[PDB]
Amino acid sequence: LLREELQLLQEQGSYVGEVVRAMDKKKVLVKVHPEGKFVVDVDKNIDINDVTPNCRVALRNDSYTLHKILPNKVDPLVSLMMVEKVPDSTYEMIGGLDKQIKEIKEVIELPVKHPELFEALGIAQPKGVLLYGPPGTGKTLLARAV
Amino acid sequence: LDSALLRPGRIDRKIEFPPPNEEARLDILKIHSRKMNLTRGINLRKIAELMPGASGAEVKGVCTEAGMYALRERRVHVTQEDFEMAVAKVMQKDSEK
Amino acid sequence: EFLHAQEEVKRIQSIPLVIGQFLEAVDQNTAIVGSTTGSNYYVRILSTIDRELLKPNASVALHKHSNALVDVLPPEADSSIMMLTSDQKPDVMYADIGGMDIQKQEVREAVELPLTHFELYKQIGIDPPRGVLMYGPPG
Amino acid sequence: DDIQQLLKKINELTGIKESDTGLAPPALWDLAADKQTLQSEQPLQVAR
Amino acid sequence: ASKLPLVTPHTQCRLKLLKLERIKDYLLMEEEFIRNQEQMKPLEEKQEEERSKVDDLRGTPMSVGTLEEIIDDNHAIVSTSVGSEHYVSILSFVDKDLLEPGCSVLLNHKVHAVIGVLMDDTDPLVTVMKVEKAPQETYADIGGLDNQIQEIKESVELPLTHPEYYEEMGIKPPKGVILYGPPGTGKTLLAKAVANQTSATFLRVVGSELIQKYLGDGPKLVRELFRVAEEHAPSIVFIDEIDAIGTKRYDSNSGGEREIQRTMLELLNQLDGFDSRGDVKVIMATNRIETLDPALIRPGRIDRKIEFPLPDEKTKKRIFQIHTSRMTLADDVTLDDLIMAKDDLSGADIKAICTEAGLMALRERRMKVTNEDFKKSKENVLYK
Amino acid sequence: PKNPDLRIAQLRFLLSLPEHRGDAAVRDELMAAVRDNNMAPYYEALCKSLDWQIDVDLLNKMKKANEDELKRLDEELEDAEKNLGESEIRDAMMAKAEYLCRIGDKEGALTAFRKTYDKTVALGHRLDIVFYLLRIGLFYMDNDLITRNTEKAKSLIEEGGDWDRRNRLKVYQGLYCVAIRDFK
Ligand SMILES: Nc1ncnc2c1ncn2[C@@H]1O[C@H](COP(=O)(O)OP(=O)(O)OP(=O)(O)O)[C@@H](O)[C@H]1O
Ligand SMILES: Nc1ncnc2c1ncn2[C@@H]1O[C@H](COP(=O)(O)OP(=O)(O)OP(=O)(O)O)[C@@H](O)[C@H]1O
Ligand SMILES: Nc1ncnc2c1ncn2[C@@H]1O[C@H](COP(=O)(O)OP(=O)(O)O)[C@@H](O)[C@H]1O
Ligand SMILES: [Mg+2]
């Protein structure tokens, strides 16, 4: 195994790609970093349902044959909240807003755990919440908390 | 705001958030006082009574700042007179414009 | 015999070593880097590199043709090297700034006092500031 | 129904099928079958 | 596949017998003209051999290019992904048609010659502005109006479902439909039942979201909007709250009111252009009918003008019966006391009082709604 | 509740180990024992005590009062789940399971505490539950069980400073280090 590395280390590098979506006859559509989209094939050890849209891949460079699925990258929302960096909160840091907790649970908490409970009354579920008052009163930590 | 946003069928619930009273200025000092290295005997009730209801953000604005007093006199335990040394400064900024 | 082959593998290093940067690895001893040419690659290693010397931002080494991992590098930055400290201070004293008693003491609280007395901020636990923004009218 | 189905049972034997990603019908292209495959490609340049 | 469109008959007719037996003539005679192919000259399979001959012409590195012009003798200038364009030739399996300037194509890796064309994954904006499913219940949900329902079915539904009445008359349907009145009167709620009723492709846009921050992106959004509206088939375009383009000024728009103005010029074109318009119906709604340009309100651009009055009290009780249909109404309540609570209450006011009264029941975990829930419900909803 | 619960075990020491001094300790220890619903921890202390022949009705009124708190939990678990709060079954017995910790033995404590440990997503309840497991870990001298929830405890104080949950905790490690002969 040590001796083989003198010979095998004589190959080229493998490109990285990005599957947009697959099409007919064992082929996919893959873009590079700053290099245009290519309609390439797949190798025999790769399944089409295993090929997910919006996923990186390893690619060979000589014939642009598919090599291996690159783990993952990001959601377009995980990066978003990562940029925003909201102060994550909980009930254990609420200072004396206990009736307002009970008010927001009726609007938000109930039509998640028990949506049928409103069809027991035949009314539609609420959609919009307005929180008002002076700044510095717990709005952001409350909405983050719920 | 908009009267079209004040259509009664539009908004489902509006919730008011008052500034805290003497009862609700105490517990934000209580939860906020968790991560500080204190000194036994503080009487947080008096400290909550020294603030006549600014908001829930001046609670952290005082009690985070009180560690700078114990640190600038090189303590390892935050004492009660740091807090009354802080309320008259942050509330001086309440007295600023 | 294994000591003979042990030195033999480093011939790929030479001088023209690819200057990339480590990003991650799929598995044991096969990784993914990004070159200084602008593109990324799925590369192999050389076995004698201590893998525990990896993953901050230290620039790795790549072969210019076969393009695999060659050698780990000490860090480099061209920008402003390190402020060469001899003819680099602008020799302004604290006494040269008159009338800034609040802000001169206050930036001392935030910058070099956690630098020196770290365990007071650690022991009281008051979360010393990461960065600082300063502004105002010019001059 | 058997003759409307037998329509499909021989039109699959003709070759119009394999719904493409941008190909021609398989009878349409036979100009470039043997001559222009090695004539419109191998002598021909790009001429950018 | 589009073999014979004569599917009239609708009984046991001999024409049906002899015509299907003459399809049996073109298929029995010429299935005996299908046998002989590989019997005489095998020479290949032709099911995959010539197919893999094309697939051995074209390489696996299929670069994706872009059209910008066509010269007919199978060579054209195509755009690379870099931008450095070429003057390559065009193959014979390219089915010389689905080729428009701007189309995504498939090129060679070596000489970049035009190998194939590419199906377009469209643009997300169509899925954004396109309503997928039926929103809610039918016109029986509405109640009390009953006059302009015949008007909207008159201008929209009846031209679609019955293309006989206009042809026996020798006439065309009216073009533009506009809806106006007080707010909360059910203007959007009617379009909900229209989106239930129709089978045409339905588009919906708010008049607030027309405006932009860049210059001309408004009128360009109009042009591609009516492009999307035409390029399907029979379609209905709905515009909500078009006074908001003229009332509110925002500082995101770099141009002032003389950019909104030019957007109104482009839309003013797109209602009554000289071009062949097609089967695109336009339904609009606002509450400030007096503010906008009367040049857009002229007959020819909008033909039908529909006002929604306030609900009279006998229609109010019907709306109460609607929004209190499937709820467990305790017999404590009298709806007639709830009628004259507000002299000019909208239909949204009734539904808001009902839903908030249900919220007051669910505060106390009950199943029925009592009278005091309405008594403090009108205080909560109305008086603030 | 577990806040006066160390004086109980110290007075069990005061009952058992001074042999001549075992009269006022079994008087005041009974004064605390056959009230406040205590059932389990004094049968063998009754064996080390005298006969106390008619304790049957004394046990019956208190297993009955224990049955009252058990059956009102059994009246709470189905109303709590009908319109759910923050798992209000485990929110009721996350407070009354310490009552079951004093009154019952450690089992109805432990399955309800490791039960409710997964309920609250912040440590403001969790670390107090772990403090309760520490305090009963002293009571049954659970010298192996204290080693777990000491480290599992200390794994929570790093987020935040929590000095009423660290300096208070140092009292527990100090009483353990003086329980064992680790004076320095
Ligand atoms: N004690 C002082 N306080 C304020 N200004 C002073 C003081 N001593 C000298 N100055 C003058 O003020 C100027 C401060 O220079 P500096 O470049 O820091 O200004 P600045 O606040 O950075 O404004 P700018 O960003 O426009 O340069 C100096 O040019 C100096 O002449
Ligand atoms: N005549 C009516 N009968 C029953 N319900 C009604 C009636 N009018 C309005 N509603 C209810 O009130 C709500 C609001 O109505 P709608 O959205 O049509 O108001 P609108 O006039 O379109 O407001 P805008 O056009 O300013 O957005 C609807 O969800 C609908 O259920
Ligand atoms: N009830 C409370 N308990 C603890 N901290 C609070 C409370 N209310 C407000 N705060 C403090 O205020 C901050 C959150 O402010 P908030 O009012 O949620 O944001 P905004 O000012 O945007 O509404 C937190 O960092 C917190 O320290
Ligand atoms: Mg509306």
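Where a number appears in this text, it was derived from the coordinates with a stated rule and is not lab data. Cβ: placed from backbone, ideal geometry, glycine included. Neighbour counts: every protein chain shown.
Quick notes
- Computed over every Cα-Cα pair of segment E:44-122 and binned at 10 Å starting from 0, the pair-distance distribution P(r) comes out as 19, 51, 24, 5, 0 percent.
- Cα centroid separation, segment E:308-369 to segment B:54-86: 55 Å.
- Neighbour-limited loop hits for chymotrypsin sites (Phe, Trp or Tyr not before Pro), segment C:50-139 (at most 10 other Cβ within 10 Å; DSSP other than H, G, I, E, B): C:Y135
- Prolate/oblate/rounded call for segment E:116-185, Cα gyration tensor, a/c under 1.5 rounded: oblate
- Segment F:68-92 and segment B:10-52 have Cα centres lying 31 Å from one another.
- Rounded to the nearest whole Hz, the Karplus-based 3J(HN,Hα) values (6.51 cos²θ - 1.76 cosθ + 1.60, θ = phi - 60°) of segment C:133-139 follow the sequence 10, 9, 7, x, x, x, x, with x at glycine and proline.
- Under-5 Å amide H pairs with A:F38, H placed in peptide plane, nonlocal only: A:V30, A:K31
- Counting DSSP beta bridges with both ends in chain E, the antiparallel % (nearest 5): 35 percent
- The residue list E:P219, E:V114, E:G65 was ranked by how far each Cα lies along the charge dipole of chain E toward its positive end, using unit charges on Cβ atoms, and E:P219 comes out on top.
- Helix C:101-110 axis, angle to chain C major axis (alpha carbon atoms, nearest 10°): 30 degrees
- What the phi angles of segment E:333-343 give under the Karplus curve with 6.51, -1.76 and 1.60, with θ = phi - 60°, is a coupling list of 8, 10, 6, 5, 5, 6, 5, 8, 5, 10, 6 Hz, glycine and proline written as x.
- For the pair E:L310 and E:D73 in one chain, pulling the backbone fully straight at 0.36 nm per residue adds 78.5 nm over the alpha carbon distance.
- Förster radius 60 Å - calculated FRET efficiency between B:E84 and F:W52, Cβ distance, rounded to 0.05: 0.55
- The relative contact order of segment A:13-146 comes to 19 percent, based on Cα pairs under 8 Å that sit 6 or more residues apart.
- The charge dipole of segment C:45-85, taken about its Cα centre with unit charges on the Cβ of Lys, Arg, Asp and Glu (plus for the first two, minus for the last two), comes to roughly 140 debye.
- Seen through its C-alpha gyration tensor, with square-root eigenvalues sorted a ≥ b ≥ c, chain D comes out prolate because a/c lies at 1.5 or above while a/b is bigger than b/c.
- Taken as Cα centroids, segment E:24-78 and segment C:109-136 sit 74 Å apart, rounded to the nearest whole angstrom.
- Note on E:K248 and E:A233: their simple-model spin labels are 3.7 nm apart, each label 7 Å out from Cα toward Cβ.
- Packing-based ranking of E:316-325, A:70-79 yields E:316-325, A:70-79, ordered from highest to lowest mean Cβ neighbour count within 10 Å.
- For chain E, the relative contact order is 13 percent, taking Cα pairs closer than 8 Å that sit 6 or more residues apart in sequence and dividing their mean separation by the residue count.
- Exercise: per-residue mean of other protein chain Cβ atoms within 10 Å, B:30-36: 6
- Relative to the longest principal axis of the Cα atoms of chain E, helix E:257-271 runs at roughly 70 degrees.
- Relative intensity, log₁₀ I(q)/I(0), of chain C from a Debye sum that treats every alpha carbon as a point, q = 0.14, 0.17 Å⁻¹: -0.85, -0.97
- Relative counts (whole %) of C-alpha pair distances in chain E, using bins that are 20 Å wide: 19, 36, 30, 14, 1
- Test item: Cα-centred dipole of chain A, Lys/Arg +1 and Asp/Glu -1 on Cβ, debye: 280 debye
- When both bridge partners sit in the protein assembly as shown, DSSP labels roughly 65% of those beta bridges antiparallel.
- Charge dipole of the protein assembly as shown (Cα centre as origin; +1 on each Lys and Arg Cβ, -1 on each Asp and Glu Cβ, all else neutral): 2120 debye, rounded to the nearest 20.
- Globularity index of the protein assembly as shown is 1.33 (Cα radius of gyration / 2.2 N^0.38 Å, N = number of residues).
- The long axis of helix E:217-230 is offset from the longest Cα principal axis of chain E by roughly 70 degrees.
- Trypsin sites (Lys or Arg not before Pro) restricted to DSSP loop in segment E:248-305 with at most 12 other C-beta within 10 Å: E:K248, E:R249
- Inter-chain neighbour count for D:41-47: the average number of beta-carbon atoms from partner chains within 10 Å of each residue's beta-carbon is 5.
- Peptide-level mean, for A:133-139, of C-beta atoms on other protein chains within 10 Å: 6
- The protection proxy used here, the mean number of other Cβ atoms lying within 10 Å of each residue, ranks peptides C:59-68, A:54-63 as follows, highest first: C:59-68, A:54-63.
- Between E:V280 and E:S235, the built amide H atoms are under 5 Å apart, and every one of these is 5 or more places off in sequence or on another chain.
- Rounded to whole numbers, the Karplus 3J(HN,Hα) couplings from phi for segment E:367-378 are 10, 9, 10, 9, 6, 5, 5, 6, 5, 7, 6, 6 Hz, using 6.51 cos²θ - 1.76 cosθ + 1.60 with θ = phi - 60°, and x at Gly and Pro.
- Overall form of segment E:109-154 per C-alpha gyration tensor (a/c, 1.5; a/b vs b/c): prolate
- In this simple spin-label model, placing a label point 7 Å from the Cα along the Cα-to-Cβ direction at both C:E109 and C:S39 gives a separation of 5.5 nm.
- Amide H contacts of E:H86 (H built 1.01 Å from N, in plane; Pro and chain starts excluded): E:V78, E:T80 sit under 5 Å, all sequence-distant by 5 or more or on other chains.
- Sequence-separation-based contact order of chain B, relative, with Cα cut under 8 Å and 6+ spacing, percent: 29 percent
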